[PDB]
């Protein structure tokens, strides 16, 4: 019952409750003949929300904010983008228009600028070296090293053991690497091992695209990226 491209109506964004104070958000775009979905996270803190990733573009991000107000009814006050691609920063300007304080690592801001993408307003310090971790409200933000992209971050919600892997982690049904234009295929297995070692109690692992699973998605990703 996790939302998919087969059931989300065109142009809509859906939320899915994962645990106490934690939702995923799911949005779609059609590229060529194929409809794709992308996941992010929403985490409650006191009477506000922290958003992890845009909903992949400005139009979807406007829909996301409306869906959040309808279903949750608390303000999004901060966001984190987990890497520089459109599915993560596309819609940052919508978030800024809506009064959200937008964050990512310094490297992501640089890569987003270089790519001509939207750029979060604020940098997360102390994330520059592989293995760096910072607390940010109700989550930990971890830079595990280069994988899908040079800058990719993961986000853990310690109270409920939810790991948002972003595009560093593949869904179970995905058996080929697909697009690796910004990837570091050599470092990806080591990066996965760092995630495994850091979050051994995670109960839910959310990939950047596709269905949630558990810690088995980590080794699955290594297997696919070698393949």
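Positions refer to the first chain, counted from 1.
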item	value
Selected stretch [higher average CA B-factor]: 86-94 or 126-134	126-134
Comparing 77-85 with 138-146, the one whose average Cα B-factor in the PDB entry is higher	138-146
Given 165, 200, 40, 57, the residue at which the Cα B factor reaches its maximum	200
Record-listed C-alpha B factor of residue 53: chain third	lowest
Position of residue 10 among the chain's modelled residues by C-alpha B-factor, lowest, middle or highest third	highest
Entry-reported Cα temperature factor of residue 46, expressed as the chain third it lands in	highest
Ranked C-alpha temperature factor of residue 19 among modelled chain residues, by third	highest
Cα B factor band for residue 68 (lowest, middle or highest third within the chain)	middle
